[PDB]
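Peer 1: Sharing a structure, written as C-alpha cells. Questions coming.
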Amino acid sequence: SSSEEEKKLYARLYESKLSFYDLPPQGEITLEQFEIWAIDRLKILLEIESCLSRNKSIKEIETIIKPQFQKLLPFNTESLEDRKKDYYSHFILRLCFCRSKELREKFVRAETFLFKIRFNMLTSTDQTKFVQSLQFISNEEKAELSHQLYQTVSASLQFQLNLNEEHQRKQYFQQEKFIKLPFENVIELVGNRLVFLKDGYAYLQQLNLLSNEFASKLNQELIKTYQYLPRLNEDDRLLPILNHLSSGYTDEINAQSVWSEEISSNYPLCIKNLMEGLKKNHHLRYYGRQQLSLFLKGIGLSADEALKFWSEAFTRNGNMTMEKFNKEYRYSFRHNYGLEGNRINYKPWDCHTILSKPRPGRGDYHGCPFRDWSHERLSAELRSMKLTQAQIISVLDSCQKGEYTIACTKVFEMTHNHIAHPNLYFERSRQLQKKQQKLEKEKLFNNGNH
Amino acid sequence: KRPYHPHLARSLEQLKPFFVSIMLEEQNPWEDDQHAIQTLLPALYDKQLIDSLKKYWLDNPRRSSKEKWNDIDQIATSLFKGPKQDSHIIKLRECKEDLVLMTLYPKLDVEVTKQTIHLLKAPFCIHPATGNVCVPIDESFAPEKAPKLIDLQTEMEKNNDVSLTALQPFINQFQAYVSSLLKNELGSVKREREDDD
Amino acid sequence: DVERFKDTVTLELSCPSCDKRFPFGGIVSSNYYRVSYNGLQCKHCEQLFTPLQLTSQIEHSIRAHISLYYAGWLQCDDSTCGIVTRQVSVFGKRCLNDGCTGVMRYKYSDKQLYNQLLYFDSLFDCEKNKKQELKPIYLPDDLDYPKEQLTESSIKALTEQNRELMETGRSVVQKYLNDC
Amino acid sequence: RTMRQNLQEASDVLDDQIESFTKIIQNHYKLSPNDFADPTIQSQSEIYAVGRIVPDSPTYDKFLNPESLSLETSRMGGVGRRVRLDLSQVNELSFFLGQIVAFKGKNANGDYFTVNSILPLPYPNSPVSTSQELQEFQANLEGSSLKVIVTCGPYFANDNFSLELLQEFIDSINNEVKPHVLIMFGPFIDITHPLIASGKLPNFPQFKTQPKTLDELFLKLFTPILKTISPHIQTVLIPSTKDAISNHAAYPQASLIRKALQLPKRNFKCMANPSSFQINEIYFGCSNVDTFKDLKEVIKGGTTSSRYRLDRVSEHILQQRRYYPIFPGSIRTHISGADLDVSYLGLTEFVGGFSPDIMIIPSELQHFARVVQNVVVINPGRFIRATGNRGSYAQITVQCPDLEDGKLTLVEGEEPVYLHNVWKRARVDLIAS
Amino acid sequence: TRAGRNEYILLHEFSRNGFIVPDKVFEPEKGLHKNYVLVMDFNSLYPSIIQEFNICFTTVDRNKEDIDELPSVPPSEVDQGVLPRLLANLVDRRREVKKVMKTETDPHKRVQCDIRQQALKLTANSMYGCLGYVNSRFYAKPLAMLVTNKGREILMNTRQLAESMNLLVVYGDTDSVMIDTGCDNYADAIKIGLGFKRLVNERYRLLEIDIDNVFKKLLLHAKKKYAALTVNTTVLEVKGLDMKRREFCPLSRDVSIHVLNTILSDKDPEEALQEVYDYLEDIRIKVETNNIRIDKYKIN
Ligand code: SF4
C-alpha cells in the first residue's frame with residue numbers, strides 16, 4: 001500500500017480519538033517499533049493493574065496514569081505516529097495474550113479499564129462524535145419522555161459528573177443523547193435503576209454499556225486470534241518477543257556493611273533468604289551465588305569488596321581454603337563484574353529473570369520466596385516482620401493468584417509505610433530511609449531551639 | 001433512594017388515592033396506640049418528632065389513623081421553625097411517601113421468580129385446606145368468589161356437566177387467554193422468519 | 001543499548017591524506033582523530049575530513065557487512081561439530097555432517113547485522129553523543145586508550161557545531177536502515 | 001522487500017528447484033513418476049533420479065574433480081539425503097555446483113550412486129508472435145533496421161573521475177549511430193572502486209557545491225552527463241549489486257528509482273536486475289551478475305573440453321532456466337560477491353519459461369557475442385578499463401521483420417504464430433569505446 | 001505400515017454394517033533438572049477424543065465441497081457412530097483382558113493375555129491414522145482438524161492442571177508430556193505422577209494416561225536429544241548425544257562418561273562438581289606428564 005493510501009485509511013479509522021480496534025492495522029513496522037510499542041502499552045496496562053489491585057479510586061488512577069500517557073502512549077494528539085503506536089500496540093498485545101484464558105481475562109479487564117479512562121478524558125463533543133461513529137432516539141421521542149428520562153438520570157448526573165446545581169443538570173440533559181436498546185443487554189444497569197425502561201426497551205451510564213460491548217468484542221477477537229496463531233508460529237522473528245511479553249505479566253556499601261542491620265533492613269525477602277543461607281552454610285550454589293552477586297553489584301558493591309565479601313563468607317567455616325577459592329570462585333566473581341572474558345557488564349536480575357530460574361531444590365536458597373516457599377513458612381517470616389494477620393492474608397492471596405511481584409510490593413508497602421526488580425526495592429527502601437533520617441534530624445534541630 | 005425512579009414515582013401516584021380509603025379508614029391500624037408506636041412512628045426520620053407524637057398520643061389515647069396522620073403534620077409544623085423548616089417539610093413528605101409505599105406497594109415472594117427451575121402451583125388446583133379452586137383472576141375477583149370443590153360437586157349432582165357449574169366462567173377466561181397467547185406466538189414466529197430474511 | 005551492541009565491530013576509517021587507519025567511536029576521545037569546531041581531523045597529519053570522504057567510507061563499511069551477510073555462512077549448533085559452511089540442505093536446519101543432530105544457523109544472523117547497522121546509526125546520533133552513551137572503542141588495557149578525556153561541555157558544543165556532518169553521516173546509514 | 005534471510009524459506013526454494021526440474025524432465029521424456037526413485041538407498045534396479053550438484057563434503061577444497069561430487073535429493077525424493085557420485089561409466093559431462101541434473105543410474109551398495117547416462121534438461125521454448133504484431137513492428141521501424149547499443153560499467157577509471165570517454169560515446173550515439181534503444185548496466189559508481197573504498201575522494205572544482213554522499217556524487221557527476229542523451233533514444237538502466245546508488249545490495253535486485261536519480265521521464269527507464277523485456281518483437285534477457293566468470297565446471301572427455309567454454313556456459317544457463325545457476329554464490333575475499341538472496345531465486349528464472357531471443361550477461365572477461373542454441377548471447381565488456389584505456393561496447397543491428405522474406409518460421413497450429421529468428425536477423429558488433 | 005491395519009479394519013466394519021466403503025506442542029526446557037521428571041504417555045489422546053465426542057464419518061455433518069472448513073461435533077442426541085463404537089469395543093475388551101489377567105495364575109495364559117492387551121492398545125492408538133493420514137483410504141480433513149483442535153485444547157488444559165498442582169511441564173506434545181515433579185525421591189515422584197493422572201482422568205473420563213519413564217536427573221536439549229538417569233535400579237541412559245564417538249579417543253570418552261556419572265550421581269552438586277574438578281586437573285597433570293597409556297590417545 002502506498003504510504004499516502006495507508007495514511008488515508010488510518011485517518012478514516014481515527015475520525016474519533018477513540019477506537020474499538022475493529023479493523024487490523026495495515027502497513028509495515030520495524031522490529032524496534034514492534035517491541036517498543038508493545039512494551040510501552042504493556043507498562044501502561046501493568047500500572048493499571050497495580051492501581052486496581054490496591055483498590056484506588058478512578059480519579060487517583062487517572063491522575064497517576066496521565067504522565068505515563070504523556071510519556072509512553074500520547075493520546076489526544078494529531079500525529080499519525082502516536083495513533084499508529086496505539087493501534088499496533090493493541091494488536092501486538094492481542095497476539096501476546098490470546099494464548100491462555102487467564103491472560104485473556106487480565107488483558108480484557110485492563111484494556112476495558114484503559115478504554116474507560118480514555119473515554120473519561122475526552123471532551124463531550126468528542127464523546128458524542130465517537131458514540132455516533134445502538135440506535136439514538138429522535139428529538140421528538142426524547143421530548144415525549146423528557147420527564148421520566150430526567151428523573152432517571154438526575155442522580156447519575158449528580159453523583160458521576162458532580163453537577164450539584166439543578167440548572168446545570170437540566171442544561172446538560174438538554175444536550176445529552178439517549179440510546180434505545182433492549183433491557184436484556186443492559187440488565188446490569190436495570191438492576192440499579194440507572195436506566196429508564198419503556199415497553200421492553202432501555203433508554204441510556206453509556207460508558208458502562210460501551211465498555212461491556214468493547215470487552216465482549218475484544219474477548220471474541222482474542223479467541224479468533226488464538227485460533228489463527230499457529231499459522232503465525234512459522235515466524236521465527238516474533239515468537240521470542242511474544243513469549244517474553246506474555247511472561248512479563250508474571251564507600252557506604254562494602255563487604256562488611258552489607259551484613260549490617262542498616263543495610264539489611266532494605267533487601268527484599270529473596271535477598272534475605274540468600275544471605276541467611278550463605279551465613280548458615282558458608283556456601284551458596286550456582287544460581288544463588290549469581291543472584292546474590294548481581295544484586296550486590298547493582299547496589300554499589302565494587303569488585304574488590306565483592307571478592308572480599310565472598311572470600312570471607314566462604315572461608316569462615318574453614319572448609320574452604322583461600323587457594324581453592326581463588327582456583328574455583330575468584331574467576332566467576334570477577335566475571336560477573338565484567339573484568340573477565342568478553343568484559344560483559346552483566347545486569348542484575350529482575351524479578352522475571354529470577355522466576356525464569358529452574359525452581360530451588362533442597363539446599364537451594366535462590367528464586368523468589370513468594371513462589372517457592374510454603375504458605376506456613378511465608379506466614380512465619382511475615383509474622384516475624386510484624387505484619388498483621390490481615391496483611392499476611394492479603395499477601396498470601398496475592399501469592400496464590402501467581403502475582404508474586406504484587407505481594408512483593410505489598411510487603412514493601414506494609415513494612416515501610418509496582419516493584420519488579422530487587423535493586424528497585426533496595427533503592428526505594430534506601431530513599432525512604434534517607435528521607436526519614438533527614439526528617440528526624442530536622443525535628444531534632446527544631447526541638448533544640450525552644 | 002431519592003429522587004424516585006420513574007417506576008417508583010408512578011407507583012406512588014397510583015397508590016396515593018387508595019392510601020386514605022384503605023389504611024386510614026377501612027383498616028385503621030394505627031388507632032391502637034401500641035400499634036401506632038410499633039409501625040407508624042419508626043417510619044419518621046426525626047427523634048424529637050417521634051417523642052413528641054408519642055407523648056401526645058399517650059396523653060390522648062386511641063386517636064384514629066387519620067387523626068394521627070394529621071397530628072404528625074401539626075406537631076412537625078409546631079416543632080420545625082426557621083429557615084430550615086423547608087428541609088424538614090420535604091423530609092416529612094418523603095417519609096410519608098415511603099410509608100405509603102411500605103404499606104401498599106407489592107411485596108413479592110423473591111425466591112419463586114429468580115430461577116428458571118423453580119416450581120409453582122398449577123392453576124385450577126385445589127387448595128387442600130380451603131377447597132378453593134385456583135381460578136384465574138379478573139378485575140372483579142374477590143376470595144369469596146372462588147368456587148369450592150364441594151359446591152362444584154353439589155352443582156354437578158344436579159347437572160352432570162362442567163359447563164353448567166360455577167367453574168365455567170374462569171375456564172372461559174383461561175381459554176380466551178390461551179387463544180390470545182397462541183395468536184401472539186404465531187405472530188412472533190412470523191416476525192422471526194421475516195427478520196431472518 | 002549496552003547489551004545490544006556487545007558483539008558488533010568498530011567502524012574503521014582511513015585518512016585520505018596520510019592513510020592512517022583508526023576506529024571511529026563518535027564524538028569521543030581518541031589518540032588518532034579529533035572532531036574540531038570545523039569538522040573531523042586526523043591527529044597524525046592535521047588534515048580535515050570532508051563529508052564525502054567520511055560518508056563514502058561509512059557506506060563502504062555498510063556494504064561490506066551486507067555482502068558478508070549475504071555470503072550465507074552457516075554454523076552448527078552442536079559444540080562437537082561446529083563446522084562452518086555455505087552449503088544449505090533442502091532441510092535447512094539439518095546439519096550436513098553424517099548423523100549430526102545439531103541445528104544449523106546463519107553465522108551472520110539478521111539480528112547481528114541489524115545490531116551492527118544500529119551501532120553505526122548511534123555513532124552519528126547527536127543526542128546520543130551529548131549524553132555520552134556510545135559504546136567504547138578502547139578497553140582500559142589497550143595500548144591506544146586515549147591520553148586525554150574530553151569534557152561534557154566540550155562534547156555538547158562540538159556536537160552542536162558539527163550537527164550537519166553528523167546528520168549527513170546518519171542519513172547514509174538510514175539509507176540502509178529503512179531497508180532493513 | 002527488507003533484508004531478511006530465513007533458512008526454512010531458502011531451503012523451500014532450493015527444494016522447489018529440484019521438484020520443478022523433476023516435473024519438467026518427466027514431461028519432456030514422457031516418463032512416469034514411478035520410474036523415479038530415491039538414489040541415496042541401495043536398489044538393484046536402475047532408476048531415474050533428479051537432484052542438485054553439491055560437493056561430497058560440506059567443507060571442500062576450492063577445486064573440485066570428477067571424483068568428489070554428490071547429488072542432493074529433494075525432500076520427497078530422498079528426504080534431503082546426499083549421495084556420492086560414481087561417474088567412472090560416464091566419459092563426457094560438465095557439472096557445476098548448484099546445477100540441477102537428471103540421472104539414470106543405480107545405487108547398488110548404499111554408498112555410491114553410479115550414473116549410467118545423463119538426462120539433459122530440455123532447452124526452453126522460444127517466444128512467438130502473431131502476424132499482426134510483426135506487421136505493427138514493421139510499421140514502427142519504417143523499413144530501417146533496429147539499432148540497440150549496450151554498455152557496461154565501470155564508466156570511469158580507477159585513478160580518476162573522468163567521464164570524457166562517456167561524453168565522447170554520448171556524442172557519437174547522438175550524432176552518428178542514432179540507435180533506437182541504449183541499455184546501460186552498472187556499476188555506475190562502483191563501491192569497490194579503490195578511491196571510493198579508501199575515502200580518497202578529492203574536491204571537484206567543476207561543482208559549485210561539493211557532494212556530501214555518494215548519491216549526491218552520482219547526481220552531480222553522472223546525471224548532467226546522462227541528460228545529454230538524445231530524447232529520441234530510449235535508454236535502459238540496469239543496476240549491479242556493487243552500485244553505490246542502490247539501497248538493495250542483493251540479487252535479484254530491485255530497479256532504481258528514476259526520480260531519485262533526477263533523470264527525466266522522456267527517455268529514461270529503470271529496470272530490475274535481472275530484467276526481461278521486449279523491444280519490438282525481440283525478447284531481451286538481462287542479468288548483471290558475472291555468471292561467465294563465476295561458473296567453474298568439472299569436466300571429463302575430449303569432446304566437451306575441445307568445445308569453447310562460453311558455449312558450454314551459455315548452454316548451462318539455458319538448461320537451468322535461470323540467469324545465475326551457480327550455488328553457493330561466488331565470493332570475492334570480504335570485499336564483494338554474488339550477493340544472492342536465496343529466498344527470492346524464483347525471480348531470477350526465465351520469465352514465463354521462455355528463452356530470451358538475446359541474453360546479455362556482462363562479464364569481466366573479454367567481450368564476446370555468440371549464438372548458442374538459437375539464442376544470441378552478448379557480453380559487451382566494460383566501457384572503460386582499470387587503467388583508463390578504451391574498453392568496449394556492443395552494437396546490435398537486427399534486420400526489420402518481414403513475413404515474406406522467409407527468415408521468420410511459421411509455427412504449425414490452428415492459431416498462426418511465428419518464431420522470431422534473431423540469430424538469423426541480428427548483427428552484433430563489439431566496438432572499442 | 002499402520003495404514004493397512006487402519007484402512008482394513010475400517011472397511012471391514014463399514015461393509016458389515018450396510019455401509020459402502022470408498023474405492024482404493026510445548027518447547028523443551030533445556031538444562032539440568034535436579035528433581036524427578038516423569039514421562040507421561042498421551043498416546044490415547046486421539047482415540048479418547050473420538051470416543052468422547054462421538055466423532056465419526058456418520059455423525060459429523062461436514063462440507064464435503066470445502067474440506068478445509070472446520071465442522072462441529074455432533075450433539076449428544078446423535079447416536080454413537082461406528083468409529084467411536086469400535087473404539088469403545090476395543091477399550092472394553094482391553095479392560096476385560098486386564099480383569100482376567102489380575103486373577104490368572106498360569107504364566108502362559110498371563111503372557112497371552114498381556115500380548116492380547118498390547119495388541120488391542122496398539123490398534124486403539126493407531127485408529128487415528130484412518131482419518132488423519134493424508135494418503136489414507138478413509139482420509140477426512142474436517143474430522144482430522146476437529147480431533148487435532150480438541151487435542152490442542154486438552155493439552156493446554158493439561159498444562160493448566162499441572163500448574164494447579166504446582167508442576168512444571170518440561171516438554172509436551174500429543175504423544176507424551178514430561179512433568180517436573182519437584183521431588184527427589186522415587187515414592188514422592190510416583191505419588192505426584194499418580195495424582196496428576198487422577199486429575200487428568202477426573203477432567204477427562206475417557207483419557208487414561210500413565211507413567212512411561214522415570215528420570216531421576218535430566219539434562220535435556222530436545223525430545224530425542226537428552227541424557228538422563230532412568231529408574232527401573234537407576235541406570236545411565238543417553239539419547240542422541242553419542243553421534244560422533246569415532247572422532248574422539250578413548251580417553252575423551254572415558255572423561256565424558258565419568259563426568260556424566262559424577263554429575264548425575266546422588267551426591268550434592270558441589271562435592272560432585274569438586275570431584276569433577278579434581279578429576280579434570282588430575283587428568284591434565286597425567287596428560288602433561290604423559291603417564292597415561294598411549295592406547296587412550298588413539299583416534300581412528
Ligand atoms: S518479588 Fe522479586 S524482589 Fe521480591 S522477593 Fe520475590 S524475587 Fe525478590
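If you're wondering about the labels, chains in the C-alpha cells are A, B, ... by order shown, residues count from 1 in each chain, ligands from 1 in order shown.
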Just the alpha helix (DSSP H) stuff from range 24-141 of chain B, please, per backbone DSSP, written as a PyMOL selection string.
Peer 2: chain B and resi 33-35+47-59+65-79+85-104+110-114
Peer 1: Contacts of residue 65 in chain C at 12 Å or less, counting only C-alpha atoms, minus same-chain residues fewer than 2 places along, as an NGL selection string?
Peer 2: (:C and (8-11 or 58-63 or 67-72 or 108-110 or 112-117 or 120 or 176)) or (:D and (249 or 334-337 or 339))
Peer 1: Using only C-alpha atoms and all ligand atoms, which of the listed residues (A:437, A:250, A:332, A:260) sits closest to ligand 1?
Peer 2: A:250
Peer 1: With only C-alpha atoms and all ligand atoms counted, collect every polymer residue having an atom within 7 Å of ligand 1; state the result as a PyMOL selection string.
Peer 2: chain A and resi 268-271+350-351+354-355+367-370+404-405+407-408+420-422+425
Peer 1: Tell me the residues of chain C close to chain D, meaning within 6 Å using only C-alpha atoms, as a PyMOL selection string.
Peer 2: chain C and resi 16+51-53+55-57+64+67+70+90-92+179-180
Peer 1: I need the chosen residues saved as a PDB file, in the first residue's frame, with N, CA, C and O atoms.
Peer 2:
```pdb
ATOM      1  N   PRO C  16      42.341  10.229   4.301  1.00  0.00           N
ATOM      2  CA  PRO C  16      42.599  10.453   2.870  1.00  0.00           C
ATOM      3  C   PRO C  16      44.006  10.945   2.576  1.00  0.00           C
ATOM      4  O   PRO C  16      44.548  10.637   1.509  1.00  0.00           O
ATOM      5  N   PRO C  51      32.654  15.784   4.246  1.00  0.00           N
ATOM      6  CA  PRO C  51      31.564  14.812   4.296  1.00  0.00           C
ATOM      7  C   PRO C  51      31.815  13.631   3.350  1.00  0.00           C
ATOM      8  O   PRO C  51      31.782  12.506   3.809  1.00  0.00           O
ATOM      9  N   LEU C  52      32.062  13.912   2.071  1.00  0.00           N
ATOM     10  CA  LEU C  52      32.219  12.808   1.088  1.00  0.00           C
ATOM     11  C   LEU C  52      33.303  11.839   1.561  1.00  0.00           C
ATOM     12  O   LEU C  52      33.094  10.622   1.416  1.00  0.00           O
ATOM     13  N   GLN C  53      34.413  12.346   2.107  1.00  0.00           N
ATOM     14  CA  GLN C  53      35.481  11.409   2.459  1.00  0.00           C
ATOM     15  C   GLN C  53      35.107  10.537   3.653  1.00  0.00           C
ATOM     16  O   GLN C  53      35.672   9.452   3.830  1.00  0.00           O
ATOM     17  N   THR C  55      31.492   9.863   4.496  1.00  0.00           N
ATOM     18  CA  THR C  55      30.298   9.108   4.135  1.00  0.00           C
ATOM     19  C   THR C  55      30.602   7.995   3.148  1.00  0.00           C
ATOM     20  O   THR C  55      29.954   6.947   3.191  1.00  0.00           O
ATOM     21  N   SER C  56      31.572   8.191   2.253  1.00  0.00           N
ATOM     22  CA  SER C  56      31.945   7.103   1.358  1.00  0.00           C
ATOM     23  C   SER C  56      32.491   5.914   2.129  1.00  0.00           C
ATOM     24  O   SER C  56      32.159   4.769   1.815  1.00  0.00           O
ATOM     25  N   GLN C  57      33.316   6.160   3.146  1.00  0.00           N
ATOM     26  CA  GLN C  57      33.815   5.066   3.971  1.00  0.00           C
ATOM     27  C   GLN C  57      32.703   4.423   4.794  1.00  0.00           C
ATOM     28  O   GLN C  57      32.692   3.200   4.981  1.00  0.00           O
ATOM     29  N   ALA C  64      30.119  -3.630   2.754  1.00  0.00           N
ATOM     30  CA  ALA C  64      30.951  -4.796   3.022  1.00  0.00           C
ATOM     31  C   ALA C  64      30.264  -5.737   4.001  1.00  0.00           C
ATOM     32  O   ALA C  64      30.256  -6.958   3.800  1.00  0.00           O
ATOM     33  N   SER C  67      27.373  -7.499   2.182  1.00  0.00           N
ATOM     34  CA  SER C  67      27.877  -8.557   1.315  1.00  0.00           C
ATOM     35  C   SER C  67      28.301  -9.774   2.121  1.00  0.00           C
ATOM     36  O   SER C  67      28.022 -10.914   1.727  1.00  0.00           O
ATOM     37  N   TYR C  70      25.202 -11.634   3.156  1.00  0.00           N
ATOM     38  CA  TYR C  70      24.613 -12.393   2.064  1.00  0.00           C
ATOM     39  C   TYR C  70      25.528 -13.494   1.554  1.00  0.00           C
ATOM     40  O   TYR C  70      25.102 -14.289   0.714  1.00  0.00           O
ATOM     41  N   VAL C  90      18.303 -29.055   1.680  1.00  0.00           N
ATOM     42  CA  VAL C  90      16.903 -28.761   1.396  1.00  0.00           C
ATOM     43  C   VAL C  90      16.065 -28.809   2.661  1.00  0.00           C
ATOM     44  O   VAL C  90      14.975 -28.229   2.703  1.00  0.00           O
ATOM     45  N   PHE C  91      16.537 -29.509   3.691  1.00  0.00           N
ATOM     46  CA  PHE C  91      16.083 -29.317   5.068  1.00  0.00           C
ATOM     47  C   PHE C  91      17.075 -28.339   5.684  1.00  0.00           C
ATOM     48  O   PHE C  91      18.209 -28.695   5.999  1.00  0.00           O
ATOM     49  N   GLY C  92      16.646 -27.087   5.839  1.00  0.00           N
ATOM     50  CA  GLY C  92      17.591 -26.025   6.146  1.00  0.00           C
ATOM     51  C   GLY C  92      18.319 -26.221   7.459  1.00  0.00           C
ATOM     52  O   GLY C  92      19.546 -26.138   7.522  1.00  0.00           O
ATOM     53  N   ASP C 179      15.623   0.175   4.830  1.00  0.00           N
ATOM     54  CA  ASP C 179      15.509  -1.020   4.007  1.00  0.00           C
ATOM     55  C   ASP C 179      15.757  -2.300   4.796  1.00  0.00           C
ATOM     56  O   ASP C 179      15.639  -3.394   4.238  1.00  0.00           O
ATOM     57  N   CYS C 180      16.092  -2.197   6.075  1.00  0.00           N
ATOM     58  CA  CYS C 180      16.283  -3.380   6.902  1.00  0.00           C
ATOM     59  C   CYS C 180      15.258  -3.423   8.024  1.00  0.00           C
ATOM     60  O   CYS C 180      14.433  -4.332   8.086  1.00  0.00           O
TER      61      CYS C 180
END
```
Peer 1: Within 10 Å of chain D, which residues of chain A show up when using only C-alpha atoms, listed as a short mmCIF file (atom, residue, chain, number, x, y, z; two decimals) with N, CA and C atoms, in the first residue's frame?
Peer 2:
```cif
data_model
loop_
_atom_site.label_atom_id
_atom_site.label_comp_id
_atom_site.auth_asym_id
_atom_site.auth_seq_id
_atom_site.Cartn_x
_atom_site.Cartn_y
_atom_site.Cartn_z
N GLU A 234 5.16 -19.84 12.42
CA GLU A 234 6.25 -20.06 11.48
C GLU A 234 7.22 -18.88 11.42
N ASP A 235 6.87 -17.76 12.04
CA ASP A 235 7.72 -16.56 12.05
C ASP A 235 8.70 -16.68 13.22
N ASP A 236 9.94 -17.06 12.91
CA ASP A 236 10.97 -17.17 13.93
C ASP A 236 11.25 -15.84 14.61
N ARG A 237 10.86 -14.74 13.98
CA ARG A 237 11.25 -13.41 14.43
C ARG A 237 10.39 -12.89 15.58
#
```
Peer 1: Need to verify the contact set: range 288-295 of chain D, 8 Å, only C-alpha atoms, exclusion of same-chain residues closer than 4 positions in sequence. Can you return it as a PyMOL selection string?
Peer 2: chain D and resi 96+185-186+238-240+273-274+310+313+323-326+330+338+361-365
Peer 1: Please produce an output containing N, CA and C atoms for each residue in the selection, written as a PDB file, in the first residue's frame.
Peer 2:
```pdb
ATOM      1  N   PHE D  96      28.481 -28.247 -12.467  1.00  0.00           N
ATOM      2  CA  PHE D  96      28.903 -27.177 -11.581  1.00  0.00           C
ATOM      3  C   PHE D  96      27.986 -27.172 -10.371  1.00  0.00           C
ATOM      4  N   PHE D 185      24.301  -1.046 -18.200  1.00  0.00           N
ATOM      5  CA  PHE D 185      24.412  -1.841 -16.989  1.00  0.00           C
ATOM      6  C   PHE D 185      25.314  -1.133 -15.990  1.00  0.00           C
ATOM      7  N   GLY D 186      25.135  -1.456 -14.713  1.00  0.00           N
ATOM      8  CA  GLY D 186      26.012  -0.963 -13.694  1.00  0.00           C
ATOM      9  C   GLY D 186      27.327  -1.723 -13.669  1.00  0.00           C
ATOM     10  N   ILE D 238      20.200  -0.678 -15.827  1.00  0.00           N
ATOM     11  CA  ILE D 238      20.138  -1.939 -15.096  1.00  0.00           C
ATOM     12  C   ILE D 238      21.244  -1.944 -14.049  1.00  0.00           C
ATOM     13  N   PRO D 239      20.927  -2.130 -12.773  1.00  0.00           N
ATOM     14  CA  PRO D 239      21.940  -1.989 -11.727  1.00  0.00           C
ATOM     15  C   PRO D 239      22.851  -3.204 -11.632  1.00  0.00           C
ATOM     16  N   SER D 240      23.880  -3.053 -10.806  1.00  0.00           N
ATOM     17  CA  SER D 240      24.663  -4.157 -10.279  1.00  0.00           C
ATOM     18  C   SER D 240      24.639  -4.079  -8.759  1.00  0.00           C
ATOM     19  N   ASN D 273      17.218  -5.925 -11.818  1.00  0.00           N
ATOM     20  CA  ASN D 273      18.325  -6.835 -12.111  1.00  0.00           C
ATOM     21  C   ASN D 273      18.005  -8.177 -11.476  1.00  0.00           C
ATOM     22  N   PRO D 274      17.675  -9.203 -12.264  1.00  0.00           N
ATOM     23  CA  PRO D 274      17.623  -9.239 -13.724  1.00  0.00           C
ATOM     24  C   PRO D 274      16.350  -8.613 -14.266  1.00  0.00           C
ATOM     25  N   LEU D 310      32.627 -20.731 -23.445  1.00  0.00           N
ATOM     26  CA  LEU D 310      31.484 -19.823 -23.437  1.00  0.00           C
ATOM     27  C   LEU D 310      30.213 -20.498 -23.936  1.00  0.00           C
ATOM     28  N   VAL D 313      28.948 -22.691 -21.115  1.00  0.00           N
ATOM     29  CA  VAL D 313      28.347 -21.912 -20.038  1.00  0.00           C
ATOM     30  C   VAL D 313      26.982 -21.387 -20.457  1.00  0.00           C
ATOM     31  N   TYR D 323      19.303 -17.178 -14.725  1.00  0.00           N
ATOM     32  CA  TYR D 323      20.455 -16.439 -15.222  1.00  0.00           C
ATOM     33  C   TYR D 323      21.711 -16.664 -14.395  1.00  0.00           C
ATOM     34  N   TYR D 324      21.580 -17.025 -13.124  1.00  0.00           N
ATOM     35  CA  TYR D 324      22.729 -17.269 -12.253  1.00  0.00           C
ATOM     36  C   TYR D 324      22.542 -18.620 -11.588  1.00  0.00           C
ATOM     37  N   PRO D 325      22.912 -19.705 -12.274  1.00  0.00           N
ATOM     38  CA  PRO D 325      22.617 -21.044 -11.750  1.00  0.00           C
ATOM     39  C   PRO D 325      23.600 -21.580 -10.715  1.00  0.00           C
ATOM     40  N   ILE D 326      24.742 -20.913 -10.516  1.00  0.00           N
ATOM     41  CA  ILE D 326      25.772 -21.442  -9.571  1.00  0.00           C
ATOM     42  C   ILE D 326      25.222 -21.361  -8.143  1.00  0.00           C
ATOM     43  N   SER D 330      29.284 -17.227  -5.747  1.00  0.00           N
ATOM     44  CA  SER D 330      30.749 -16.974  -5.763  1.00  0.00           C
ATOM     45  C   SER D 330      31.088 -15.895  -4.733  1.00  0.00           C
ATOM     46  N   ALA D 338      28.570 -12.417  -5.228  1.00  0.00           N
ATOM     47  CA  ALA D 338      27.300 -12.511  -5.936  1.00  0.00           C
ATOM     48  C   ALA D 338      26.176 -11.820  -5.177  1.00  0.00           C
ATOM     49  N   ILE D 361      24.628 -10.962 -20.541  1.00  0.00           N
ATOM     50  CA  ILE D 361      25.225 -11.149 -19.220  1.00  0.00           C
ATOM     51  C   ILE D 361      26.618 -10.535 -19.228  1.00  0.00           C
ATOM     52  N   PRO D 362      26.765  -9.281 -18.809  1.00  0.00           N
ATOM     53  CA  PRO D 362      28.086  -8.653 -18.808  1.00  0.00           C
ATOM     54  C   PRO D 362      29.059  -9.423 -17.934  1.00  0.00           C
ATOM     55  N   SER D 363      30.313  -9.458 -18.371  1.00  0.00           N
ATOM     56  CA  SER D 363      31.344 -10.191 -17.659  1.00  0.00           C
ATOM     57  C   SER D 363      32.621  -9.369 -17.628  1.00  0.00           C
ATOM     58  N   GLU D 364      33.435  -9.616 -16.603  1.00  0.00           N
ATOM     59  CA  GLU D 364      34.780  -9.065 -16.578  1.00  0.00           C
ATOM     60  C   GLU D 364      35.672  -9.689 -17.635  1.00  0.00           C
ATOM     61  N   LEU D 365      35.268 -10.822 -18.202  1.00  0.00           N
ATOM     62  CA  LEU D 365      36.022 -11.455 -19.266  1.00  0.00           C
ATOM     63  C   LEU D 365      35.991 -10.588 -20.521  1.00  0.00           C
TER      64      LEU D 365
END
```
